[PDB]
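Asks: Quick one: experimental structure and sequence below.
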Protein chains: 2
Amino acid sequence: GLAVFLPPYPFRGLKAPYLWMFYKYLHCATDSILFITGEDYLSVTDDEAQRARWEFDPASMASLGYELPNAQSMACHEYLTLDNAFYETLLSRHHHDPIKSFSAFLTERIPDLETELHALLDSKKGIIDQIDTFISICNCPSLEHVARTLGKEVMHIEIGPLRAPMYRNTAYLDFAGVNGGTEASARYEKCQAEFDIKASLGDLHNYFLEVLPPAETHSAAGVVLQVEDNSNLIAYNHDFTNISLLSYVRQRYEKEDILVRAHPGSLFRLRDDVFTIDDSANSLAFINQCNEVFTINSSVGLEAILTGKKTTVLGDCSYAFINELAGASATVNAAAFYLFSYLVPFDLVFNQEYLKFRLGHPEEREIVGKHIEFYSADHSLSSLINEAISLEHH
Amino acid sequence: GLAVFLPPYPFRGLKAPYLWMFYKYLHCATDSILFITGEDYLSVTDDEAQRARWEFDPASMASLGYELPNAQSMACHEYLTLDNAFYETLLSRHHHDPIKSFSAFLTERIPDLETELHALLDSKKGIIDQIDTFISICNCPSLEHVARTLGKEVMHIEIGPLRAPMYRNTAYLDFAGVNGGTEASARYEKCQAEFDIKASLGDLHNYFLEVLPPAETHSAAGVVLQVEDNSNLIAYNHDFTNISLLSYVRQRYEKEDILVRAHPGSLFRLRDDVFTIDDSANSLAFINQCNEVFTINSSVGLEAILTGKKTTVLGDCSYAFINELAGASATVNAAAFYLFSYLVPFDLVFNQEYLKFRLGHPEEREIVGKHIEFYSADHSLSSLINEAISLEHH
Ligand SMILES: Nc1ccn([C@@H]2O[C@H](COP(=O)(O)O)[C@@H](O)[C@H]2O)c(=O)n1
Ligand SMILES: Nc1ccn([C@@H]2O[C@H](COP(=O)(O)O)[C@@H](O)[C@H]2O)c(=O)n1
Ligand code: NA
Ligand code: NA
Ligand code: NA
Ligand code: NA
């Protein structure tokens, strides 16, 4: 079955950092799953000191589509637990900087981590033989090195750039890496000639919109800020930060022409003294007020591209290649492939039958057909997409 | 005379970034000064688009002790102007990141910058021969390399860690570097045996206090945040940031025991959702509520040390060596030397007669005597300091 890697290391000061994906896989589980995680994941619940975490909020559970697991739900899976001694040692090897330690976890092999993973996997039965694929919610060269030795693939899976309530929920599934080192551009290059999409970028954007767009005083430049310690601002940012992104824009625009939107999930908000601060209810209403958008690698950059805004992308990300194409035609085709073939309907990356489907490395046409079938729960590759858009049209 | 280096490069998006020091040297000038700067410094005034800058606020002028220069005041100095073409080229050589470019300016030689400096200095008269010393408000290996070739010293000068209205105004003057690569520890090591201070750390703190201390619900841990793009968070931080500093503390304390104070000058403030946020009127009232303090390299770390608080200093800074001494005795002696001999009364670093004094590299006893004479505008080195403290006592 699946071997789901959810490391317990509190790089950003939060225990069980990926608890929500632990609950989601448990909720959707149809067969037994091997969880490679930490005891923090198994004890967080019956810890009255953490009962206020957002993962326990009924609104968050309903939005992500999971329910809290019970004793029975968990008893049907196998659990391997990583110890904290390695984490303490890791911090001591990077000058006690937890963020730099996180960066090494995301971008370098850690031999001591590989040793413990091998030991855990070799600790029982034919655990290794039962493994059809690894799943990791982030890049992890330690795990990926172990996977090569054992002949297993690594699916990198995470929530996608389009999310409810504004959009249909999407997710990433990438065999090379998630956010950084992605294979979206490589997949597109191989089937680019198979795309003749009779729709505009706005039509593709409209297909994923679940709401009526906001009410269409422009700012010349909009600046998207991100969560300061998110993995793709730590590892895939090309050294840019929120503050150097702001300086970058101020080299090109006077502060009176800049509109800044802080990430609603950041610990930091902006003072009103310097820039004009955005107070929009959503990121779409914000970029609509801007003539061009600047981002490191926020999901919002995709929104700007799909709405036809001049967009600068300074960091590595899965959608950047769409922005690097000359000519409207190729850009629409690249966006269509990205949205219907690279992105996955959110629930499907937690579906074991779908994961087995992707493990066979099927053709892009079959992948698109699976996604549209799901989106359309109510022929060439372009025919599938053109007809899907057209049926949504009327 | 003096050759004052005030570069015009808007690394942080602000033109004439050190305009206030330009006005201060002009205001206190008794002789002709050579200014190596940019045209932005000379035109900012009669630019109605910048008349709201804080350097023009009468309260800021009175606090820093300068008045706006007029046509006559400036006509008695010589001006060399750096061009912007180099800045544009510099940005293109660091992936258009202005903050990374700033870092290179602070920490690396830039041959093209050295060439332009040499050309400017060689552009007229015996400009070079009239130069008694360079003054730089930041570390600049480009300028320091030029200085070596020409046989000139470089005084690194900046506002100090103790400032009005809470304290007597102080400044740095350091021949090796300011903030980073400082010589405070080296100077202390040479005369440590000459210090037998009959006062406590609180007594030294009281000497520089100009106000009555605040009214003495403790938090186990206080976190000092800094301005995100200040030079000593860009170049001398050992890679730490505000966000990794927070994670560092969260590895040791639960959020309920952490009190966070954002820098009043930062563009960012903190949300109320996670940590307990400090709303003190000053940094002293904040650290008084904490049992131990954490900082990268804020001036506030010195305050914590002088008030006897357990202090963690993660970045490079001039006062760190005080915190690395074992035993209360040596710590008080180190603090006394730092405060009376390393730190300079603010006005004196703009006084040409005092600068000439320091250019002779006098003995630590003479330096302390000059500073106490200034502080006391109303004998061994320890006798000078002990008597100064005692006279302030009664
Ligand atoms: N500056 C920002 C960044 C993100 N966001 C919201 O957060 C979601 C994910 O964004 P990141 O990839 O930037 O975390 C986006 O779809 C958008 O809904 C926002 O509203 N403003
Ligand atoms: N978190 C912080 C940082 C600085 N400060 C104020 O700013 C002045 C200089 O601090 P930095 O060296 O941190 O810029 C300090 O003396 C203190 O008065 C504050 O009040 N809170
Ligand atoms: Na991405
Ligand atoms: Na739609
Ligand atoms: Na310092
Ligand atoms: Na005093």
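Replies: Nice, thanks for sending it over. Numbering: from 1, shown residues only, chains lettered A, B, ... in the order given. Ligands and ions are numbered 1, 2, ... in the order given.
Asks: Got phi/psi on whichever residue of chain A sits closest to ligand 2?
Replies: Closest residue of chain A to ligand 2, Cβ to the nearest ligand atom: residue A:268 (13.3 Å). Yep, even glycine has a C-beta here, placed from its N, CA and C like the rest. With angles defined as degrees, to the nearest 10, residue A:268 sits at phi -110, psi 140.
Asks: And for it, the neighbour number?
Replies: Residues lying near residue A:268 (other Cβ atoms under 10 Å in any protein chain shown) number 21.
Asks: State the distance from the closest residue to chain B within the stretch 151-300 of chain A to ligand 5.
Replies: When scored by Cβ to the nearest Cβ, the stretch 151-300 of chain A has residue A:250 as its residue closest to chain B, at 3.0 Å. According to Cβ to the ion, to the nearest Å, residue A:250 and ligand 5 sit 26 Å apart.
Asks: what residues are up against that residue?
Replies: Residue A:250 makes contacts with A:258, B:10, B:12-13, as judged by Cβ atoms under 8 Å, 6 or more residues apart in numbering or on different chains.
Asks: Ligand 3: which of these is nearest?
Replies: residue A:258 (24.4 Å; Cβ to the ion).
Asks: Tell me where the stretch 201-350 of chain A has strands.
Replies: Taking DSSP state E, counting those that start in this stretch to define them, one finds strands in the stretch 201-350 of chain A at A:221-224, A:258-261, A:268-270, A:276-277, A:292-295, A:310-313, A:344-345.
Asks: element containing whatever residue of the stretch 51-200 of chain A ends up closest to ligand 5, please.
Replies: Nearest residue of the stretch 51-200 of chain A to ligand 5 (Cβ to the ion) works out as residue A:95 at 19.2 Å. Counting by DSSP states H and E, no helix or strand carries residue A:95.
Asks: contacting residues around residue A:164?
Replies: A:63, A:210.
Asks: is it true that it lies in a strand?
Replies: No. Per DSSP: H, G, I helix; E, B strand; the rest coil, residue A:164 lies outside any strand segment and is coil.
Asks: Backbone dihedrals for it, please?
Replies: phi -60, psi 160.
Asks: Quick one: neighbours of the nearest residue to residue A:255 once chain neighbours are set aside, just the number.
Replies: Nearest residue to residue A:255, sequence neighbours excluded (Cβ to Cβ, 6 or more residues apart in numbering or on different chains): residue A:275, at 5.6 Å. Burial of residue A:275 is recorded as 20 neighbouring residues (other Cβ under 10 Å).
Asks: Please list the residues of the stretch 251-394 of chain A that sit near chain B.
Replies: A:251, A:255, A:266-271, A:274-275 (Cβ under 8 Å from any Cβ of the partner chain).
Asks: and which of the residues you listed is nearest residue B:236?
Replies: In terms of Cβ to Cβ, no member of these lies closer to residue B:236 than residue A:268, at 22.2 Å.
Asks: Compute the distance between the closest one and residue B:278, please.
Replies: 15 Å (Cβ to Cβ, to the nearest Å).
Asks: Check residue A:185 too.
Replies: Plainly put, residue A:185 is 46 Å away from residue B:278 if you go by Cβ to Cβ.
Asks: and if you look at residue A:351?
Replies: 48 Å.
Asks: Have a look at those two and say which one is more surrounded.
Replies: residue B:278 (21 against 16).
Asks: Once you drop chain neighbours, what's closest to that one?
Replies: residue B:261 (3.8 Å).
Asks: quick one, what contacts the one you found?
Replies: For residue B:261, the contact set (Cβ under 8 Å, 6+ apart) comprises B:222-225, B:277-278, B:280, B:283, B:286, B:300.
Asks: If any of the residues you listed are buried, put those into a PyMOL selection.
Replies: Buried residues within the contacts of residue B:261, by 16 or more other Cβ atoms under 10 Å in any protein chain shown, are selected in PyMOL with:
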select buried, chain B and resi 222+223+224+225+278+283+286+300
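Asks: Same list (the contacts of residue B:261) but as JSON lines, adding distance to ligand 5.
Replies: As requested, the contacts of residue B:261 are arranged in JSON lines below (distance: Cβ to the ion, whole Å):
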{"residue": "B:222", "distance to ligand 5": "19"}
{"residue": "B:223", "distance to ligand 5": "18"}
{"residue": "B:224", "distance to ligand 5": "13"}
{"residue": "B:225", "distance to ligand 5": "16"}
{"residue": "B:277", "distance to ligand 5": "26"}
{"residue": "B:278", "distance to ligand 5": "22"}
{"residue": "B:280", "distance to ligand 5": "22"}
{"residue": "B:283", "distance to ligand 5": "15"}
{"residue": "B:286", "distance to ligand 5": "19"}
{"residue": "B:300", "distance to ligand 5": "11"}
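Asks: how about the contacts of residue B:261, which pair is most distant?
Replies: B:277 and B:300 (15.7 Å).
Asks: now residue A:313, which residues is it bridged with?
Replies: Under the criterion DSSP bridges, residue A:313 forms beta bridges with residue A:295.
Asks: thought it was touching residue A:323?
Replies: Yes. Contact criterion Cβ atoms under 8 Å: residue A:313 and residue A:323 qualify, at 5.7 Å.
Asks: the more surrounded of those two?
Replies: Remark: of residue A:313 and residue A:323, residue A:313 carries more neighbours, 23 against 18, as counted by other Cβ under 10 Å.
Asks: what distance separates stretch A:387-394 from the centre of its chain?
Replies: Chain-centre distance of stretch A:387-394: 27 Å, with Cα atoms, centre = their mean, to the nearest Å.
Asks: and if you look at stretch A:31-40?
Replies: On Cα atoms, centre = their mean, the centre of stretch A:31-40 falls 21 Å from the chain's centre.
Asks: Go through that stretch and flag the buried ones.
Replies: A:33-38, A:40.
Asks: got it, and stretch A:243-258?
Replies: For stretch A:243-258, using 16+ other Cβ under 10 Å, the buried residues are A:243-250, A:253, A:257-258.
Asks: quick one: terminal-to-terminal distance for that stretch?
Replies: 14 Å (Cα to Cα, to the nearest Å).
Asks: Could you confirm whether it reaches ligand 1?
Replies: No. Legend: contact between stretch A:243-258 and ligand 1 by Cβ under 6 Å from any ligand atom is lacking; minimum distance shown is 10.6 Å.
Asks: returning to what we had before: among the buried residues of stretch A:31-40, which lie within strands?
Replies: Among the buried residues of stretch A:31-40, the members found in strands (DSSP state E) are A:34-37.
Asks: Could you find the closest non-adjacent residue to residue A:356?
Replies: residue A:132 (7.1 Å).
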